[PDB]
Structure formats: C-alpha cells, structure tokens
Amino acid sequence: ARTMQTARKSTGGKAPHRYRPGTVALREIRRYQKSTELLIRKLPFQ
DNA sequence: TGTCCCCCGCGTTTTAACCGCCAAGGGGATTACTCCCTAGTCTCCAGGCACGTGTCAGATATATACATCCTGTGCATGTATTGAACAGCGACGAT
C-alpha cells in the first residue's frame with residue numbers, strides 16, 4: 001500500500017421566542033381599531 | 001453614517017377595578033295657586049339720521065442723514081525653500 005511509497009507520497013484518499021419590536025404594537029393597533037369599548041377606566045375617571 | 005439610549009417586549013409581583021347586593025335620603029319632577037310682569041294699544045315728541053359744509057390730520061413727493069451688510073484690503077504667523085558658510089579628501093609643490 002501507500003506505506004511503501006518512499007517518494008511522491010500519494011495523499012489522495014486519506015486525511016422562549018420573542019417577537020421583533022413593533023409587531024405586538026401594530027397588532028394592538030389592529031385590535032383596538034376594530035373595537036369601540038372604552039379604554040380609560042371608569043372609576044379613576046369618575 | 002455612526003453612536004448611545006430610549007422604549008418594546010416579557011415574566012413576575014402588586015393593586016384596585018369591577019360586580020353583586022342592600023340601605024337611605026337628597027333633590028328633581030309634578031301640581032295647584034296667585035300676582036307681578038310683559039305684550040299689545042294708543043298718543044306724544046325728541047333722539048337719531050340724512051344732508052350740507054368747512055378744514056386740518058394725514059397721504060405724497062422730495063431731499064438728507066443713519067444703519068448695516070458684505071467684500072476687500074491690511075495684519076500676523078507658520079512653513080517651505082534656498083543660499084551661504086561651516087565642515088572633507090587628495091594631489092601638488094615648496095621647504
């Protein structure tokens with residue numbers, strides 16, 4: 001085999017999930033623009 | 001384009017909003033009654049407006065002084081360049 005190669009040795013063969021900032025904000029925009037429920041609390045306002 | 005930081009998102013902790021139910025009296029709604037106040041009417045006239053007029057406060061034209069806005073000189077200083085005056089090394093002749 002290559003153990004007998006004395007010159008010109010043949011070397012061929014051997015060796016949680018986070019959302020991006022701004023996404024939840026936009027989703028909140030979509031959520032409250034569809035609804036009409038009051039946003040400010042009732043008792044602190046009173 | 002480049003930096004630094006100011007919110008965004010998310011888990012955990014803290015608070016009071018919200019609902020359900022009862023208890024109570026403050027005040028608004030409603031009625032009945034009376035009279036004081038305002039619409040309506042008439043007569044009377046001066047307060048308010050049109051019209052006319054007279055003139056001075058203000059617009060216009062023209063001359064001058066004040067302000068300012070910007071560019072072009074100067075200055076000054078640093079730097080670059082160049083000339084000159086120190087410095088070889090060696091061959092020669094005079095001593």
# chains A, B, ... in the order shown; residues from 1 in each chain; ligands from 1
call {"tool": "interface_residues", "arguments": {"of": "chain B", "to": "chain A", "cutoff": "9 Å", "atoms": "only C-alpha atoms (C1' of nucleotides)", "output": "ChimeraX atom specification"}}
result
/B:8-10,17
call {"tool": "write_last_selection", "arguments": {"atoms": "C-alpha atoms (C1' of nucleotides)", "output": "PDB file, in the first residue's frame"}}
result
ATOM      1  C1'  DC B   8     -40.607  47.390  23.461  1.00  0.00           C
ATOM      2  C1'  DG B   9     -41.417  43.042  24.775  1.00  0.00           C
ATOM      3  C1'  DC B  10     -41.967  39.632  28.575  1.00  0.00           C
ATOM      4  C1'  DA B  17     -61.213  47.958  39.259  1.00  0.00           C
TER       5       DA B  17
END
call {"tool": "select_by_dssp", "arguments": {"residues": "chain A", "states": "alpha helix (DSSP H)", "output": "PyMOL selection string"}}
result
chain A and resi 23-34+42-45
call {"tool": "decode", "arguments": {"residues": "range 29-79 of chain B", "atoms": "N, CA and C atoms (P, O5', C5', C4', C3', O3' and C1' of nucleotides)", "output": "tab-separated table (two decimals), in the first residue's frame"}}
result
chain	number	residue	atom	x	y	z
B	29	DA	P	-85.85	67.02	36.63
B	29	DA	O5'	-87.38	66.55	36.54
B	29	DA	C5'	-87.73	65.20	36.83
B	29	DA	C4'	-89.15	65.11	37.35
B	29	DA	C3'	-90.15	66.04	36.65
B	29	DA	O3'	-91.33	65.32	36.30
B	29	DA	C1'	-90.28	66.31	38.99
B	30	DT	P	-92.42	65.97	35.32
B	30	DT	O5'	-93.80	65.33	35.80
B	30	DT	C5'	-93.90	64.79	37.11
B	30	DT	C4'	-94.93	65.54	37.94
B	30	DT	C3'	-95.76	66.58	37.17
B	30	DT	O3'	-97.14	66.18	37.15
B	30	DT	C1'	-95.04	67.40	39.29
B	31	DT	P	-98.29	67.21	36.72
B	31	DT	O5'	-98.70	67.92	38.10
B	31	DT	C5'	-99.31	67.16	39.14
B	31	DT	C4'	-99.96	68.06	40.17
B	31	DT	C3'	-101.00	69.03	39.62
B	31	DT	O3'	-102.08	69.15	40.53
B	31	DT	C1'	-99.31	70.24	40.72
B	32	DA	P	-103.55	69.56	40.01
B	32	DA	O5'	-104.06	70.60	41.11
B	32	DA	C5'	-103.54	70.55	42.44
B	32	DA	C4'	-103.31	71.94	42.99
B	32	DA	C3'	-104.27	73.01	42.46
B	32	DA	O3'	-104.97	73.62	43.54
B	32	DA	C1'	-102.02	73.77	42.39
B	33	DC	P	-105.90	74.91	43.29
B	33	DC	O5'	-104.91	76.14	43.47
B	33	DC	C5'	-104.19	76.30	44.69
B	33	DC	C4'	-103.59	77.69	44.79
B	33	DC	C3'	-104.52	78.82	44.34
B	33	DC	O3'	-104.45	79.90	45.27
B	33	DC	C1'	-102.48	78.90	43.13
B	34	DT	P	-105.34	81.21	45.05
B	34	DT	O5'	-104.27	82.35	44.69
B	34	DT	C5'	-103.18	82.59	45.58
B	34	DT	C4'	-102.23	83.62	45.00
B	34	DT	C3'	-102.89	84.92	44.54
B	34	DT	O3'	-102.08	86.03	44.91
B	34	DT	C1'	-101.65	83.98	42.77
B	35	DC	P	-102.63	87.53	44.76
B	35	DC	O5'	-101.30	88.40	44.62
B	35	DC	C5'	-100.04	87.75	44.46
B	35	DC	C4'	-99.29	88.30	43.27
B	35	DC	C3'	-99.78	89.65	42.75
B	35	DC	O3'	-98.67	90.42	42.30
B	35	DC	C1'	-99.87	88.10	41.02
B	36	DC	P	-97.93	91.45	43.27
B	36	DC	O5'	-96.47	91.57	42.63
B	36	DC	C5'	-95.70	90.40	42.42
B	36	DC	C4'	-95.14	90.35	41.01
B	36	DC	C3'	-94.78	91.71	40.40
B	36	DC	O3'	-93.56	91.59	39.66
B	36	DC	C1'	-96.33	90.60	39.00
B	37	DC	P	-92.92	92.87	38.92
B	37	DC	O5'	-92.45	92.27	37.52
B	37	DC	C5'	-92.65	90.89	37.24
B	37	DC	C4'	-92.80	90.64	35.75
B	37	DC	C3'	-92.32	91.78	34.85
B	37	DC	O3'	-91.82	91.25	33.64
B	37	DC	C1'	-94.64	91.48	34.55
B	38	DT	P	-90.77	92.08	32.76
B	38	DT	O5'	-91.24	91.82	31.26
B	38	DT	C5'	-91.69	90.53	30.88
B	38	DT	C4'	-92.86	90.62	29.91
B	38	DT	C3'	-92.68	91.63	28.76
B	38	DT	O3'	-92.97	91.00	27.52
B	38	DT	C1'	-94.76	91.94	29.82
B	39	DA	P	-92.68	91.76	26.13
B	39	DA	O5'	-94.01	91.53	25.28
B	39	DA	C5'	-94.61	90.24	25.25
B	39	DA	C4'	-95.98	90.28	24.59
B	39	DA	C3'	-96.07	91.11	23.32
B	39	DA	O3'	-97.00	90.53	22.41
B	39	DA	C1'	-97.38	92.12	25.05
B	40	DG	P	-97.28	91.20	20.98
B	40	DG	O5'	-98.49	92.20	21.26
B	40	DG	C5'	-99.68	91.71	21.88
B	40	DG	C4'	-100.69	92.82	22.03
B	40	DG	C3'	-100.70	93.85	20.90
B	40	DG	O3'	-102.03	94.08	20.46
B	40	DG	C1'	-100.49	94.94	23.00
B	41	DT	P	-102.30	94.94	19.13
B	41	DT	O5'	-102.74	96.37	19.70
B	41	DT	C5'	-103.76	96.46	20.68
B	41	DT	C4'	-103.93	97.90	21.15
B	41	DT	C3'	-103.73	98.95	20.05
B	41	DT	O3'	-104.94	99.65	19.82
B	41	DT	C1'	-102.60	99.54	22.08
B	42	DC	P	-105.05	100.66	18.57
B	42	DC	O5'	-104.71	102.09	19.21
B	42	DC	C5'	-105.52	102.61	20.25
B	42	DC	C4'	-104.85	103.80	20.91
B	42	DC	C3'	-104.43	104.92	19.96
B	42	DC	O3'	-105.35	106.01	20.06
B	42	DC	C1'	-102.77	104.45	21.66
B	43	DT	P	-104.87	107.54	19.84
B	43	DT	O5'	-104.27	107.96	21.26
B	43	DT	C5'	-104.37	109.31	21.70
B	43	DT	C4'	-103.00	109.92	21.93
B	43	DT	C3'	-102.52	110.88	20.84
B	43	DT	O3'	-102.60	112.24	21.32
B	43	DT	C1'	-100.77	109.43	21.63
B	44	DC	P	-101.30	113.18	21.48
B	44	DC	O5'	-100.46	112.48	22.65
B	44	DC	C5'	-99.86	113.28	23.67
B	44	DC	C4'	-98.35	113.31	23.51
B	44	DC	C3'	-97.81	114.42	22.61
B	44	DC	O3'	-96.89	115.23	23.34
B	44	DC	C1'	-96.81	112.33	22.08
B	45	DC	P	-96.12	116.44	22.62
B	45	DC	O5'	-94.70	115.81	22.25
B	45	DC	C5'	-93.87	115.28	23.27
B	45	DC	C4'	-92.50	114.92	22.72
B	45	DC	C3'	-91.80	116.03	21.95
B	45	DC	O3'	-90.40	116.00	22.22
B	45	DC	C1'	-92.05	114.16	20.55
B	46	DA	P	-89.77	116.97	23.34
B	46	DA	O5'	-88.25	116.50	23.42
B	46	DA	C5'	-87.92	115.25	24.01
B	46	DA	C4'	-87.09	114.40	23.06
B	46	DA	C3'	-85.82	115.07	22.53
B	46	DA	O3'	-84.78	114.11	22.43
B	46	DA	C1'	-87.14	114.39	20.73
B	47	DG	P	-83.69	113.96	23.60
B	47	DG	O5'	-82.99	112.56	23.27
B	47	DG	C5'	-83.76	111.36	23.30
B	47	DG	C4'	-83.56	110.54	22.03
B	47	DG	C3'	-82.10	110.38	21.59
B	47	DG	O3'	-81.90	109.07	21.09
B	47	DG	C1'	-83.34	111.43	19.87
B	48	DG	P	-80.42	108.57	20.72
B	48	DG	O5'	-80.44	108.45	19.13
B	48	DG	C5'	-81.42	107.64	18.49
B	48	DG	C4'	-81.45	107.89	17.00
B	48	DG	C3'	-80.08	107.88	16.31
B	48	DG	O3'	-80.17	107.14	15.09
B	48	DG	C1'	-81.21	109.88	15.81
B	49	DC	P	-78.83	106.64	14.36
B	49	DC	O5'	-79.07	107.02	12.83
B	49	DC	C5'	-80.35	106.82	12.24
B	49	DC	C4'	-80.59	107.83	11.13
B	49	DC	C3'	-79.44	107.99	10.14
B	49	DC	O3'	-79.89	107.72	8.81
B	49	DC	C1'	-80.20	110.11	10.92
B	50	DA	P	-78.85	107.75	7.58
B	50	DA	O5'	-79.24	109.08	6.78
B	50	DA	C5'	-80.50	109.17	6.13
B	50	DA	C4'	-80.69	110.53	5.49
B	50	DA	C3'	-79.66	110.88	4.41
B	50	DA	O3'	-80.29	111.58	3.35
B	50	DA	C1'	-79.57	112.48	6.16
B	51	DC	P	-79.49	111.87	1.98
B	51	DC	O5'	-79.63	113.45	1.80
B	51	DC	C5'	-80.18	114.24	2.84
B	51	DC	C4'	-79.46	115.57	2.95
B	51	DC	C3'	-78.30	115.77	1.96
B	51	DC	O3'	-78.51	116.94	1.18
B	51	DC	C1'	-77.64	116.34	4.18
B	52	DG	P	-77.40	117.43	0.13
B	52	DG	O5'	-76.61	118.57	0.91
B	52	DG	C5'	-77.34	119.64	1.51
B	52	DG	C4'	-76.41	120.56	2.28
B	52	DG	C3'	-75.13	120.96	1.53
B	52	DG	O3'	-74.93	122.36	1.64
B	52	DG	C1'	-74.59	120.04	3.65
B	53	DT	P	-73.66	123.04	0.92
B	53	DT	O5'	-72.57	123.15	2.08
B	53	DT	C5'	-72.91	123.76	3.31
B	53	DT	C4'	-71.70	123.83	4.23
B	53	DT	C3'	-70.38	124.19	3.53
B	53	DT	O3'	-69.66	125.12	4.32
B	53	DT	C1'	-70.14	122.17	4.73
B	54	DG	P	-68.51	126.02	3.65
B	54	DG	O5'	-67.80	126.73	4.89
B	54	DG	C5'	-68.10	126.31	6.22
B	54	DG	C4'	-66.90	125.63	6.86
B	54	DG	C3'	-65.54	126.04	6.28
B	54	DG	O3'	-64.68	126.47	7.33
B	54	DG	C1'	-65.75	123.66	6.36
B	55	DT	P	-63.09	126.51	7.11
B	55	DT	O5'	-62.59	125.07	7.59
B	55	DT	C5'	-62.42	124.80	8.98
B	55	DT	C4'	-61.40	123.70	9.20
B	55	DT	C3'	-59.96	124.07	8.83
B	55	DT	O3'	-59.05	123.38	9.67
B	55	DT	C1'	-60.68	122.30	7.47
B	56	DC	P	-58.19	124.16	10.78
B	56	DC	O5'	-57.44	123.00	11.57
B	56	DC	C5'	-58.19	121.90	12.08
B	56	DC	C4'	-57.68	120.58	11.53
B	56	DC	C3'	-56.16	120.37	11.60
B	56	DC	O3'	-55.88	119.01	11.90
B	56	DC	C1'	-56.86	120.15	9.38
B	57	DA	P	-54.99	118.62	13.18
B	57	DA	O5'	-54.96	117.02	13.14
B	57	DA	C5'	-56.18	116.30	13.08
B	57	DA	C4'	-56.05	115.07	12.19
B	57	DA	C3'	-54.75	114.29	12.32
B	57	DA	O3'	-55.00	112.90	12.15
B	57	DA	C1'	-54.92	115.21	10.13
B	58	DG	P	-53.78	111.86	12.08
B	58	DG	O5'	-53.55	111.64	10.52
B	58	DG	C5'	-54.65	111.29	9.68
B	58	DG	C4'	-54.22	111.23	8.23
B	58	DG	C3'	-52.91	110.48	7.97
B	58	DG	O3'	-53.03	109.68	6.80
B	58	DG	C1'	-52.78	112.64	7.07
B	59	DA	P	-51.98	108.50	6.52
B	59	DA	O5'	-51.84	108.48	4.93
B	59	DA	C5'	-53.01	108.50	4.11
B	59	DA	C4'	-52.73	109.16	2.77
B	59	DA	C3'	-51.53	108.61	2.00
B	59	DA	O3'	-51.79	108.65	0.60
B	59	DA	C1'	-51.15	110.88	2.50
B	60	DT	P	-50.80	107.91	-0.43
B	60	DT	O5'	-50.44	109.04	-1.50
B	60	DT	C5'	-50.29	110.39	-1.08
B	60	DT	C4'	-49.41	111.17	-2.03
B	60	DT	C3'	-48.21	110.40	-2.58
B	60	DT	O3'	-47.90	110.86	-3.89
B	60	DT	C1'	-47.46	112.19	-1.21
B	61	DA	P	-46.49	110.49	-4.57
B	61	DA	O5'	-45.59	111.77	-4.28
B	61	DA	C5'	-45.97	113.04	-4.79
B	61	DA	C4'	-44.78	113.99	-4.86
B	61	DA	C3'	-43.52	113.41	-5.47
B	61	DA	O3'	-42.82	114.41	-6.19
B	61	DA	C1'	-43.15	113.91	-3.17
B	62	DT	P	-41.37	114.09	-6.82
B	62	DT	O5'	-40.35	114.66	-5.73
B	62	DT	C5'	-40.44	116.02	-5.32
B	62	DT	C4'	-39.39	116.33	-4.26
B	62	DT	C3'	-37.97	115.86	-4.60
B	62	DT	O3'	-37.04	116.89	-4.31
B	62	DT	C1'	-38.62	115.03	-2.49
B	63	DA	P	-35.54	116.80	-4.87
B	63	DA	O5'	-34.63	116.85	-3.55
B	63	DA	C5'	-34.65	118.01	-2.72
B	63	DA	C4'	-34.14	117.69	-1.33
B	63	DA	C3'	-32.72	117.10	-1.29
B	63	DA	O3'	-31.91	117.84	-0.38
B	63	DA	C1'	-34.22	115.77	-0.02
B	64	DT	P	-30.35	117.48	-0.21
B	64	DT	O5'	-30.29	116.70	1.19
B	64	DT	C5'	-30.75	117.33	2.38
B	64	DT	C4'	-30.58	116.41	3.58
B	64	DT	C3'	-29.21	115.75	3.71
B	64	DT	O3'	-28.78	115.79	5.07
B	64	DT	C1'	-30.88	114.11	3.77
B	65	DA	P	-27.33	115.23	5.49
B	65	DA	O5'	-27.35	115.29	7.09
B	65	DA	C5'	-28.58	115.21	7.80
B	65	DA	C4'	-28.79	113.82	8.39
B	65	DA	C3'	-27.50	113.08	8.77
B	65	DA	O3'	-27.56	112.68	10.14
B	65	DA	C1'	-28.95	111.68	7.50
B	66	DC	P	-26.76	111.38	10.67
B	66	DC	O5'	-27.77	110.17	10.40
B	66	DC	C5'	-28.84	109.93	11.30
B	66	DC	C4'	-29.14	108.44	11.41
B	66	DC	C3'	-28.03	107.59	12.02
B	66	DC	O3'	-28.60	106.55	12.81
B	66	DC	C1'	-28.47	106.86	9.81
B	67	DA	P	-27.70	105.38	13.45
B	67	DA	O5'	-28.54	104.06	13.14
B	67	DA	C5'	-29.10	103.88	11.85
B	67	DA	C4'	-29.13	102.42	11.46
B	67	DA	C3'	-28.04	101.55	12.09
B	67	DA	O3'	-28.58	100.25	12.44
B	67	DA	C1'	-27.71	101.73	9.71
B	68	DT	P	-27.93	98.88	11.91
B	68	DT	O5'	-28.33	98.82	10.36
B	68	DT	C5'	-28.87	97.63	9.80
B	68	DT	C4'	-27.87	96.98	8.86
B	68	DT	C3'	-26.75	96.18	9.55
B	68	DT	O3'	-26.51	94.96	8.84
B	68	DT	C1'	-25.81	97.75	8.10
B	69	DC	P	-27.53	93.73	8.92
B	69	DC	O5'	-27.83	93.39	7.39
B	69	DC	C5'	-27.62	94.39	6.39
B	69	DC	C4'	-26.65	93.90	5.34
B	69	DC	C3'	-25.87	92.65	5.72
B	69	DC	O3'	-25.78	91.77	4.62
B	69	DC	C1'	-24.36	94.41	5.22
B	70	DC	P	-25.06	90.34	4.77
B	70	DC	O5'	-23.80	90.44	3.80
B	70	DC	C5'	-23.95	91.00	2.50
B	70	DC	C4'	-22.60	91.35	1.90
B	70	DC	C3'	-21.53	90.27	2.06
B	70	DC	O3'	-20.84	90.10	0.83
B	70	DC	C1'	-20.73	92.33	2.88
B	71	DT	P	-19.89	88.81	0.61
B	71	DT	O5'	-18.81	89.32	-0.44
B	71	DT	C5'	-19.03	90.52	-1.17
B	71	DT	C4'	-17.76	91.36	-1.23
B	71	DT	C3'	-16.45	90.55	-1.33
B	71	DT	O3'	-15.63	91.08	-2.35
B	71	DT	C1'	-16.32	92.12	0.43
B	72	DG	P	-14.21	90.40	-2.69
B	72	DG	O5'	-13.15	91.56	-2.37
B	72	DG	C5'	-13.48	92.91	-2.66
B	72	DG	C4'	-12.54	93.87	-1.95
B	72	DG	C3'	-11.06	93.49	-2.02
B	72	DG	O3'	-10.27	94.67	-2.16
B	72	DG	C1'	-11.75	93.58	0.24
B	73	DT	P	-8.78	94.57	-2.75
B	73	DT	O5'	-7.93	93.95	-1.54
B	73	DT	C5'	-6.60	94.39	-1.30
B	73	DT	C4'	-6.58	95.41	-0.17
B	73	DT	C3'	-5.51	95.17	0.88
B	73	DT	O3'	-4.31	95.85	0.52
B	73	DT	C1'	-7.61	95.40	1.94
B	74	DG	P	-2.88	95.27	0.97
B	74	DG	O5'	-2.93	95.31	2.57
B	74	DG	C5'	-2.33	96.39	3.27
B	74	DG	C4'	-2.81	96.44	4.71
B	74	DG	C3'	-2.10	95.48	5.65
B	74	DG	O3'	-0.90	96.08	6.19
B	74	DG	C1'	-4.44	95.22	5.88
B	75	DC	P	-0.94	97.18	7.37
B	75	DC	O5'	-1.21	96.34	8.70
B	75	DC	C5'	-0.29	95.34	9.11
B	75	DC	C4'	-0.99	94.27	9.92
B	75	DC	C3'	-0.06	93.23	10.55
B	75	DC	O3'	0.05	93.47	11.95
B	75	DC	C1'	-2.03	92.23	9.56
B	76	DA	P	1.42	93.12	12.72
B	76	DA	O5'	1.29	91.56	13.05
B	76	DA	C5'	0.10	91.06	13.65
B	76	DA	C4'	0.04	89.55	13.54
B	76	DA	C3'	1.36	88.83	13.82
B	76	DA	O3'	1.15	87.77	14.74
B	76	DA	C1'	0.43	88.09	11.77
B	77	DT	P	2.39	87.15	15.56
B	77	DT	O5'	2.36	85.60	15.16
B	77	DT	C5'	1.12	84.97	14.86
B	77	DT	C4'	1.34	83.76	13.96
B	77	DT	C3'	2.68	83.05	14.15
B	77	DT	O3'	2.48	81.65	14.15
B	77	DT	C1'	2.37	83.57	11.89
B	78	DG	P	3.49	80.68	14.94
B	78	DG	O5'	3.43	79.32	14.10
B	78	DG	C5'	2.23	78.96	13.41
B	78	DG	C4'	2.54	78.41	12.04
B	78	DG	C3'	3.80	77.54	11.96
B	78	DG	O3'	3.53	76.38	11.18
B	78	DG	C1'	3.91	79.25	10.35
B	79	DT	P	4.53	75.13	11.23
B	79	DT	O5'	4.60	74.65	9.71
B	79	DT	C5'	3.72	75.20	8.75
B	79	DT	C4'	4.42	75.44	7.43
B	79	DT	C3'	5.67	74.58	7.20
B	79	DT	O3'	5.70	74.13	5.86
B	79	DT	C1'	6.21	76.83	6.92
